[PDB]
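Structure 1 and structure 2 below are the same protein chain in two forms, each given by itself as structure tokens.
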Structure 1
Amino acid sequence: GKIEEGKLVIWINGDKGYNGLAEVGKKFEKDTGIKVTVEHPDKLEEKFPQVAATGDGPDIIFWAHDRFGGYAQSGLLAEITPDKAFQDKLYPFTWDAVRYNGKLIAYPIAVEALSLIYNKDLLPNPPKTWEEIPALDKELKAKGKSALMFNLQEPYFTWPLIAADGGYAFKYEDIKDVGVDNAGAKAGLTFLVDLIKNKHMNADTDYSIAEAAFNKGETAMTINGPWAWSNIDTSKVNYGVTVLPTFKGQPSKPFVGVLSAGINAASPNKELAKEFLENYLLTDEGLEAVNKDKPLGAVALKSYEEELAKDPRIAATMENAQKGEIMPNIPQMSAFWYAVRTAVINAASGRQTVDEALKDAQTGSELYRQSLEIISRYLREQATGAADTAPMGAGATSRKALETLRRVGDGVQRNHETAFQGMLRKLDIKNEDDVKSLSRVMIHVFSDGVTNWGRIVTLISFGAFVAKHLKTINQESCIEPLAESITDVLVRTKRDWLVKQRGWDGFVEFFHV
């Protein structure tokens, strides 16, 4: 492969303690004579799947657990199998965070949650509510200070407020149940936008700007995670870490992340990586080395957390964590975060109204599951000649899109039968490994669009054609992964177009009779 044998390359995000991680690398190198190299590439969570998909990249990838399901689904991660004894050294719920389809796909490192960080000298008694921050800002502005600055370019930081009065991603209690554009999410975002309209915050504020303003004592509060504490320590600001403000009497609910370490599927150094992570990093001295660089939060290792738990900053971190929720690791978490990122930025800048912004994010977030429901049902009923008698769920969009697809797809399949026959024969889709090869082909072709619903119908119709063939040669098991592959290709390459058409509602209206 392209990844070098007998070395370790490790990627971790630039806001984490990568210099501390390098020391742990240095110790490994001392013992074994094996080179360890730590990098913190920009846009890491985007860069890794790009390079790993070609069998390249780092041996070890660090990120919060939410992205790892997508990585694993794309075949980019090796299954990890720690022995029972190592497993028992970490909290079971941190292992739960890195389980995907019944398999462990990463080592959990530390539990991260946002807290309210405040300047004790400016604000001895920080607000318990979001609602009182406008008035507090006015009071502080008279002194040449502002109340609150935090990163508005990443939805992670705004999510706690969105979730406060009822917003949610995928319902936890149902991936078909998405609460990005309900009244609670709209109330939360609207409050944020009003703060901006009323000059209490600035839409342009990002991570660097907010951090600088807090650490220079210009703003009384910021919202951030444990990794940020080291820089505040250096600035000598007298800070406290506390519970996030409530909104409409309800706690802010941060999405909780577990910093995790995955092993590249393409790495020839999986045994080396295992050794490094289990017996160097995930020890008291290993985690201390990283934690002393940038604080990890509440670590997964039971022994070392027993000490860190005494830190009131950690207690505050876990208080906020318990009021929030552990992130899902389903493959469309990335699409969810992109949708909401755009919604927050657009609402904050005035490019969209809050309502229209969150509507788009709802559609974006639901896009994979909605598309899969339609495409899977269509391919299956086409292959077997009979519909699925199971209930749709939410909602009328699926039923109407499927009705439309059946009606339009009938003519498309009749007219394209000869073409489909030739393409099926040209390719050789005979099993599930052939389905993967088709995806790579489709990704290349479908970026040359030029998108309309007719082309999408032709693609799905070819899918149905192939599905029929797979049933005929007794490979009915291949139909669902075919549907997933086409769905993945479609929603990935035509995401923006699909959201612009209002998703499958646009499909139904376009072909309305």
Structure 2
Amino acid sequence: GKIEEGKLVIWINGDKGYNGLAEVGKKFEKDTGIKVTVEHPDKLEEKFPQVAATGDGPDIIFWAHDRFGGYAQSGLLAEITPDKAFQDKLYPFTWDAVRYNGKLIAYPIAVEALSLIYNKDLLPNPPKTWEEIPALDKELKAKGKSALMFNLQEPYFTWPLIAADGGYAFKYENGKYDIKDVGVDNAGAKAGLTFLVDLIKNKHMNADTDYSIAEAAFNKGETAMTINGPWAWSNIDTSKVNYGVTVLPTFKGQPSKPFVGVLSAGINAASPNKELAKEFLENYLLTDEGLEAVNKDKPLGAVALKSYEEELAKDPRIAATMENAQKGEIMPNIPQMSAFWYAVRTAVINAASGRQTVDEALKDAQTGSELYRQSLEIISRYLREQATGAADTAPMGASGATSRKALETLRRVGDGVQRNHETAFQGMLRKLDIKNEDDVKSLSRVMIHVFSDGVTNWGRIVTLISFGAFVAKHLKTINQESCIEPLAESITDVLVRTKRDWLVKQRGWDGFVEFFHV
């Protein structure tokens, strides 16, 4: 449960150039005597937050930048403080992708976007539109081939099509996100996912196709096209398929919009090797020779280092990567990105398999993506109005009827719980000795341990939130009102992390209102 001093452990995904990264590690070891271990665990982006929360895990984690905001919000990443001379060596927009709440929380490595990859011997002119792919598949099936195979198990690969006609994750306008404006179940998202499901229904695609199946079929020449990123080009090179990399097809006349990732390297906040890690990343990896070693193993895409990016910029495959990137959007790094991806992953799999209709699947994904912010709105408002005696006048915003009605239900049932359970609430408020902001941050572990043991139902959720209001009242009297919002965030985090699937099954806070109706 403690990271070892005097070595570096690095985690990177198994589709990236980890043997090349290990070569950089060997060069580090030659200068310093410090051994560098590169590992590629399964589901490392899910494992890192669990093990790092205990003070364990790798010294350095590599992932696309979208997951790092969550890690940073949880206190799991060291702040990065490169000097100006180093910062100036990387493109400013890559640093922007690894900024969270004003601080740099990772080193950017390379810019990744999906492209259409096609077999020039089968398909001299790849299709410009998604709509022409069914007819192309029919032509190719008559030749013992198929038009298109790509990974249908990870929503990253289907998102460019879902977004094309108007789907979006979190709305971006006037230089900032509106986290409460989620675009997963609108008409444009439905149109794109319906087109995907229709491709499967019409036998142009198979719902069970995953990364390995699609890669094998393309690299053996059975399918004329795939959708993948730069890391995949190495294995196609080895297959000697005559391939090209080009712009994704349009849908309803609009570009496919891939979510653009910046592969990034974060330092574990619990690492006793932060100076070594910074030395490795700045003076070994993020150099022309270090990125070359990784890129020669599995291509990185458009690297963040200006000097080496210019050296590779003439590669037509990189130009296509950046053309598709310009038509897409840089992913947010907000902490709810993990929940968004989990919700949309399930929606695509369920729609593709027929377990849910497109309408059902996207509705559930919308609820899952909105769950944190909607829960916080309700919980923060209830705690604050209970503590101060006066309600928040600010508009509820999106799903404001749901929030207003849930808050109204909570006012009824939560005030009764606080009345009837004053005895236990007073007793618990003594055992916990909450005096300051530091005491509040300590509550999450006891909260999780009590709340995640036993039956799940709305009554216990009312008890969780009602005791929160009881504590908010206390915080107000000891002149610690500024601790109420952090407390509300902590309660919300416990609720939505421990009860995500159950909450979505109940239709979220709409199920709460109907459970307690009349």
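Numbers given to residues start at 1 and step along the sequence of structure 1. Take the two forms, superpose them, and find the largest set of C-alpha atoms that agree within 1.5 Å; that set is the rigid core.
Asks: Using a core superposition, identify the member of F465, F28, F446, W63 whose Cα displacement between the two structures reaches 2 Å or more.
Replies: Flagged residue: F446.
Asks: Look at the Cα of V435 between the two structures with the rigid core superposed and state its shift in Å.
Replies: That residue's C-alpha sits 2.2 Å away in the other form.
Asks: What is the Cα shift of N125 between the two structures once the core is superposed, in angstrom?
Replies: Its C-alpha shift, to one decimal, is 0.5 Å.
Asks: Once the rigid core is superposed, tell me how far the Cα of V408 moves between the two structures, in Å to one decimal.
Replies: Here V408 registers a C-alpha shift of 1.2 Å.
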